[PDB]
Amino acid sequence: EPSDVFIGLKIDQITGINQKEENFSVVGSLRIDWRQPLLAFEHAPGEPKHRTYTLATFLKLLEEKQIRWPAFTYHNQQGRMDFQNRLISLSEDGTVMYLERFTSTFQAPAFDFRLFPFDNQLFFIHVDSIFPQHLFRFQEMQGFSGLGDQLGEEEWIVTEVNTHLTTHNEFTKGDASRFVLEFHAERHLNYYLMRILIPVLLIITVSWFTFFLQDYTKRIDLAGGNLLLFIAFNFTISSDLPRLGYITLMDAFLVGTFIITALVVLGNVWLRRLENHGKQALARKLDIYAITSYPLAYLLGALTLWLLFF
Amino acid sequence: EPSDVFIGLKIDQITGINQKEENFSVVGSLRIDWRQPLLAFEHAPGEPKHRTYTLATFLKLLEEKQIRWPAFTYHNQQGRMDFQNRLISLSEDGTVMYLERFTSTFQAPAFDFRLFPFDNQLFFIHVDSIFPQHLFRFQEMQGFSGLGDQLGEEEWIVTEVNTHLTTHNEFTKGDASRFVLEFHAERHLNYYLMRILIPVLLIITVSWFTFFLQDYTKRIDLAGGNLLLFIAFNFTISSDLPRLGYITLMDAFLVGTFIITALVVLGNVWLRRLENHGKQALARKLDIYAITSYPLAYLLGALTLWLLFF
Amino acid sequence: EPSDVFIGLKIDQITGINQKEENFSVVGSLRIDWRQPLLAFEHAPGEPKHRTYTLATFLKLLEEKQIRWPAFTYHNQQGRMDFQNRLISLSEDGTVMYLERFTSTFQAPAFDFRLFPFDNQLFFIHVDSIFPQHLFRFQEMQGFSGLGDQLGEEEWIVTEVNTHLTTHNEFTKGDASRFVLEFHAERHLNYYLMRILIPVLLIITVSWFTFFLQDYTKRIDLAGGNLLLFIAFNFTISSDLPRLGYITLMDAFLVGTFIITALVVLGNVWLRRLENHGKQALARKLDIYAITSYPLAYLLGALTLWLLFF
Amino acid sequence: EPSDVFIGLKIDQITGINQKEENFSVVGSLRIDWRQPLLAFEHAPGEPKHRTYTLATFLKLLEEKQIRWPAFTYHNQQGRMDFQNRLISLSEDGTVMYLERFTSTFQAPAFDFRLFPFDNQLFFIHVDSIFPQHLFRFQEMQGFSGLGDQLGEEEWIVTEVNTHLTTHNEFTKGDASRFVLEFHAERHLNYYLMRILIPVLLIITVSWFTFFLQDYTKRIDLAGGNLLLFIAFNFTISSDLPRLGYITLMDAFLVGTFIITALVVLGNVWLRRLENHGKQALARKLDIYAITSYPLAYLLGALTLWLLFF
Amino acid sequence: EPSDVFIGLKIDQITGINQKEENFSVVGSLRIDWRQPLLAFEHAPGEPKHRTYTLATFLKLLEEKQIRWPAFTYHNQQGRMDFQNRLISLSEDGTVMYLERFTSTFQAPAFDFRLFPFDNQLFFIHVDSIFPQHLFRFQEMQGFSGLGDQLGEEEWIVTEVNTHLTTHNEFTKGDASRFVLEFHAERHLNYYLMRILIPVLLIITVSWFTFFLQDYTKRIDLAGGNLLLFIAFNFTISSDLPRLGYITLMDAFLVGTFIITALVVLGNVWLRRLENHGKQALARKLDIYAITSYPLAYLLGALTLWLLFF
Ligand SMILES: CCCCCCCCCO[C@@H]1O[C@H](CO)[C@@H](O)[C@H](O)[C@H]1O
Ligand SMILES: CCCCCCCCCO[C@@H]1O[C@H](CO)[C@@H](O)[C@H](O)[C@H]1O
Ligand SMILES: CCCCCCCCCO[C@@H]1O[C@H](CO)[C@@H](O)[C@H](O)[C@H]1O
Ligand SMILES: CCCCCCCCCO[C@@H]1O[C@H](CO)[C@@H](O)[C@H](O)[C@H]1O
Ligand SMILES: CCCCCCCCCO[C@@H]1O[C@H](CO)[C@@H](O)[C@H](O)[C@H]1O
Ligand SMILES: O=C(O)CCc1ccc(Br)cc1
Ligand SMILES: O=C(O)CCc1ccc(Br)cc1
Ligand SMILES: O=C(O)CCc1ccc(Br)cc1
Ligand SMILES: O=C(O)CCc1ccc(Br)cc1
Ligand SMILES: O=C(O)CCc1ccc(Br)cc1
């Protein structure tokens, strides 16, 4: 019949989440408990009941004994996995206890930036068996898997963590076991508030103050630079993310500021054209719409994206 | 006679395409099925019909048995190939089943940016046999090769994928086998629309609004900065790409905006010179050409590149 | 009974502290003294009393003799540990003397930027025993552990260093030994003085000089750009640090400059509106509040953060 | 007498040339043919006439047979050399055929930027024998060495390629063999035309158009910003290159634009000072020199560097 | 008694000096000549008098023969040392000749930027013996150590090179041998002249030309932006260097330009205030101090730092 292989995986550190590259990096420990009766050994009185091996001399021992080990792969792994510890402890019984401490980057293919920066994402690690379920069946090692207390991440905040077993058909026709460690994390909005919301709101508010000067030309020059500032901010936000084929809530907000600013230019050009054509008195009356449009326009726009996305 | 070696290659992830360096990076699995009758082994009843080996003790076994393995190379490979799994399963028969899970950057020499960002490119992986076709003939392993479901790429979108066998003469006089996994991908234009087309169009449109002010000096100062903005945008686009010896559709568009902006300065200088020489009334009549040239000039220019490239 | 394992750890160099990534990197030496009576050897007269081994042939010797070594891990390690020396010197007695020279990045999870740049941080290295205290008990090797004379760091300045032993339960039910090398460091404020305090103070002071011109429009244009400069400075500071979910003393200072500058615009708009509405004489009298507010506002704000944080 | 060792080296890819770091990187294959009569073997009928080995078990075989191999070094190598293939094929004869596929960065010490961007450089690879010419004499393997068809470089264009043998005295008193693969490459000027020549020429030309406005103050403000733009461009060019102790043709061009721009400011200050001192009519007559100096100054300057450098 | 171990170290390339990180990187060769009479071997007539080994099988041979090797460490090493060659040639005598070709980054703790860019620095490599002087005494291998002819560095220029032996107490109570290869290098000032001195001098000079316009407001606006430019230049210089706790000659120069520019604003505000208060004729007389202060102020400041630092 098939031998049960117990998989445990604990993430100790989140060394970073790279959203631009849709990957994350962690320091973690993998724990395997697999009982192979052929590995059983007799000991003379006094000598150890538990043999401890390096991985290299353990695999070599398996090859001599013609024993197949539950060869596994981190399916969503990326690049190099720098190992710290790869140790085996073998009991009289045949109970092999394996520990693998590593640092690695993993694929984050579940990334959805539609609501960025208000988004919540799913990150996971797939531990696949190369051999099919008729030889080795993966089971959940009980008191081990999950995320630590000192992960070191400052922007993301883990909302929930889960482990579950399933199947894959990567190398074989028959189903093969897959252990999954999943977690969900959401953003600490402070960065976004401090670096984007407050500067953008400041530019808008202090620019509106200048309307009380009743200089239409001065408004035009101001809305002109404001438009460039928003174009600049637009590039800075573009930097954090991949070259997505879809519109972000952030993109919508930025395109929104462009449109209002464009109309601010357009409108004040008209008011200055009235002034120029000897209808200065009229420009002055209409100016009340000009002054009160500006705040309403941005507030209307803000409710529009909020409805349009939530 | 020559032994058939079955090659399979599956790309699981596109970790990135670096167009500036004309290379791409992938996580993939290589699968080899090669029957060597000399590798055949006898087993006593009950014992394994399938011996499983690490790559190191398998090659050492070949060297003892004085057996030549189908030594292969990833011809278009770049730098380090970080391996995850290099495992061998040997049957009584001599059927060696090899699996190689790796992460690697590969050369993308097929890169043609003439129509960028509207371009479609070809990416491939060459798996060459070091030994000639009289010793080892490469065959396509049937249900394996291709690209996965979760590649993780956000800008490129795979239009088609193919596998085919051919020959090379890299190390030998005689022809040697080459397995090829090719794919074509094209861009998600959203990034370009959001970061380049809309900002450039905004600068142009809102700058045109100001013509209704009938201040020629103000137009000159505006077209002056606009020219610098386009020069800046020109550098930002230069960043994404190599220092090509050829003109991009993007380069054409940018050079086009320079020329129109240059003439906008030139023209408005003339209109302001008429005004200055007591012919203000004339500048005012001609101004209608000045106002309507601007939109037509850019629309004429836009049809010109489109014809000139498509 | 359990065997005492003596741990010594000396940091020779601080290759860098990366605050944006909340990690630090060091070149160091680990020293272990562990007496295993089973390792004892007899020598014929004249031959060595001290056998010297590479780590690889020492571990292989342990595996033959079926001896369990005090397998240890650098708990807060990050990525690769580039080794220089991994040497063993074994006495007739069984006294194994191990030396491990390495370069490594470590996690700095103790990072608190609330008072940045006036902050003091704690950095440490955890050396855990994989095996529980009933088998191996970690002890402090006496004349070795600590930090060197040539660490090479220029901004941080080590205020204090300590070593202490404790316990962890990482792999086992029972307590396992943990050796800790801690140090505290604080910043050399010069960089911050030269690049941030002096430029910001200059912008403010020379901008205030211009108030003696009695041009309200000119003040408005100046406070407008000043606001953008501070927004720029705000991004430059954002660069050095993680995307924290909390307010830095530095953030407070920057938000403070925004508010005063915003009011500088607001106020001068009012004074210019009085001038515009034929009350130029009144604007002139009030102007004395306008001139003296500016210095007081910034000095009041400076005492406010100082109280609010200290 | 000394044994002839045949060296072949083929560069398959130029992964990049880093001029700022004066190094280049390539994917290449090294081929060695060396006949050692002591390596000769007898085979029983039917068994292989050609033994194939991994490098590791081949060197171990040499050490048993007490055979010295022609130990070689890539003299101008830099950092890590990521190997793909290191394979040996040994004939009944003793003919050892070695293949080494690698990716590596090499030193480019021949770099002369005096005529940049119009420069032509020399790049090479030195393959030195550790042992002197009395033991091993390097010979050129005939149908192999050189550069490929798909190098992947876009800016450089290989003008010529050569191989030659010489001597070095690196480790020994006596001469030791050195195999050299050299190539010369020159630049595709398009990047420079598109990003530097056209933007600089545009700034100059459209700035000259404004002279027809006959506003001296406006010219001064324009030449002021133009000077800053050129200072900016100067830093952008500084980026591509090392901190050379010599003047580049590019440096000369940039310093040239500074001087003319400085005089443009200087001159127009004088013309505006005449206007200011009631000699407006005189400023107007001299203005024709002012208008025609500008184009001549830059064209005169362009012939001056061309003569001064070619 | 103790065995003499001859150390030779030749730096072939300076791959770079990173002043921001206070480290340097080199390609070099280490040469060791150590005579161990126990390593002596007998050969039958005709067979080799010199056995050649890989490092791995040489160390394994030492471990069998129970011979202690002079284990050494590059004390100031940083990260990974990418080896090219690690070869041993053993004579009948016992004369072991070791060669170690490597690429490595080393600590530069001797870095003093007080006179930057006019500074001269000391760079070195420490080769320590792990074992004390009673076992192994380090001696200088005669015709080998030093720096090469093609180092590839462009900014630094090696003023002098030295080798000397001393002692350390890193791992032991007793003194242990240390071989030292030191060199001093100074800067090629061209980069600094071209990118910093000439642009700063240009800004100052062409800004002074504008004083001949007798527009105080225009001077104020100019000195305002000039101050920002210097603040920008200040950040660009900050980039090249660490976050030092001390004042650089460069810092002094920059702070100097700030002060003069600040006073230029201050002064011209006063002159414009006289003009504003109907004392235009007085502003005009004082203006001669205003015009001649500017050049003297900067020349006075330049002699002040020169005295203050030299
Ligand atoms: C910009 C936000 C601050 C607004 C406060 C009003 C005073 C003017 C600030 O300088 C402004 O900066 C813009 C951006 O570049 C320019 O387009 C504009 O012409 C210029 O007047
Ligand atoms: C710039 C696109 C927005 C146009 C809207 C009209 C109002 C003015 C906006 O500021 C302008 O910015 C240019 C770019 O730097 C400067 O050259 C120019 O002198 C300045 O007036
Ligand atoms: C800026 C600090 C120096 C103040 C000295 C007064 C002279 C003017 C300096 O240039 C100013 O720069 C600001 C920042 O961008 C712009 O908003 C403003 O319109 C412009 O006049
Ligand atoms: C700059 C090249 C374009 C010239 C066309 C004339 C219109 C003005 C363009 O804006 C100018 O930009 C300069 C560079 O920053 C500033 O110094 C200058 O005061 C400003 O007027
Ligand atoms: C700047 C060095 C060149 C001086 C030559 C005099 C002409 C004006 C150049 O443009 C100036 O650029 C400054 C820097 O941003 C601005 O503060 C200032 O308002 C603006 O007038
Ligand atoms: O091939 C390798 O490197 C590791 C594989 C491995 C498989 C099963 C156990 Br239990 C332990 C290790
Ligand atoms: O030399 C190597 O590292 C790998 C080569 C290899 C060749 C054939 C088979 Br089947 C498996 C492996
Ligand atoms: O497994 C390893 O790489 C190193 C472990 C080790 C454990 C105890 C001593 Br004493 C020395 C070394
Ligand atoms: O020492 C090494 O790694 C490689 C050296 C080498 C020398 C001669 C032949 Br032929 C093949 C290889
Ligand atoms: O432990 C190592 O890797 C290298 C050490 C070494 C010591 C002495 C000689 Br001679 C040669 C080599």
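Residues numbered from 1 in each chain as written, not as in the entry; some residues may be left out. Chains lettered and ligands numbered in written order. Heavy atoms only, no water. Residues with missing side-chain atoms left out of burial classes, pairs and counts.

**Looking at the environment of D:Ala297**
Residues and elements named next belong to chain D.
Then, number 1: With respect to the element layout, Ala297 can be found in helix α5 (residues 280-309).
Then, number 2: With relative accessibility at 27%, the residue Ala297 sits in the partly exposed group.
Then, number 3: Residues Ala297 and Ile259, 38 residues apart in the sequence, show an inter-C-alpha distance of 10.0 Å. (Helix = DSSP H or I, 4+ residues; strand = E, 2+ residues; numbered from the N terminus. Buried < 20%, exposed > 50% of the residue type's maximum accessible area, 1.4 Å probe, protein only.)

**Re the UniProt feature "binding site: Zn(2+)" (unreviewed entry) in chain A**
Residue and element names in this part refer to chain A.
Then, number 1: With numbering matched to this structure, UniProt assigns "binding site: Zn(2+)" (unreviewed entry) to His43 and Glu92. These annotated residues cover 50 residues of sequence, and their C-alpha atoms all fall within 7.6 Å of one another, placing them together at a single site.
Then, number 2: On the basis of relative accessibility, which here comes to 29%, the residue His43 falls in the partly exposed class.
Then, number 3: With residues up to four places along the chain from it excluded, the contact list for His43 reads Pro48 and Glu92.
Then, number 4: Within the fold, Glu92 resides in the loop between β5 (77-91) and β6 (95-107).
Then, number 5: A relative accessible area of 29% means that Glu92 is categorised as partly exposed.
Then, number 6: When near neighbours in sequence (up to four residues on either side) are disregarded, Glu92 contacts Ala40, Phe41, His43 and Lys49. (UniProt positions renumbered as here; feature names shortened; annotations may be inferred. Contact = heavy atoms within 4.5 Å.)

**Focus: the interface of chain A and chain B**
Often the size quoted for an interface is simply the accessible area lost on bringing the parts together.
Then, number 1: Tallying the contact residues gives 52 residues for chain A and 49 residues for chain B.
Then, number 2: Each partner contributes to the roughly 4500 Å² buried at the junction of chain A and chain B, and carbon and sulfur atoms together form 57% of this total.
Then, number 3: Of all residues in chain A, the largest losses of buried area upon contact with chain B belong to A:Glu63, A:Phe171 and A:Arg243, amounting jointly to 16% of the total for that side.
Then, number 4: Counting across the interface, chain A meets chain B through 4 salt bridges.
Then, number 5: Residue A:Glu170 is joined to B:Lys10 by a salt bridge in which the shortest nitrogen-to-oxygen separation is 2.8 Å.
Then, number 6: Where chain A meets chain B, there are 25 residue pairs in polar contact. (Buried area = accessible area lost by both parts, 1.4 Å probe. Salt bridge = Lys/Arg side-chain N within 4 Å of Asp/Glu carboxyl O. Polar contact = N/O pair within 3.5 Å; in protein donor to acceptor, adjacent residues only side chain to side chain.)

**A closer look at the site of ligand 10**
Residues and elements named next belong to chain E.
Then, number 1: Every residue lining ligand 10 is accounted for by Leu55, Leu59, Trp69, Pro70, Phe72, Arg86 and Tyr98.
Then, number 2: Here an oxygen atom of ligand 10 and a side-chain polar atom of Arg86 are 3.5 Å apart.
Then, number 3: Protein contacts shield 83% of the accessible area of ligand 10, which totals 350 Å² for the unbound molecule.
Then, number 4: Looking at the shell around ligand 10 residue by residue, the classes come out as 6 nonpolar, no polar and 1 charged. (Near = heavy atom within 4 Å. Areas by Shrake-Rupley, 256 points an atom, 1.4 Å probe, with all protein chains shown as cover. Nonpolar A, V, L, I, M, F, W, Y, C, P; charged D, E, K, R; others polar.)

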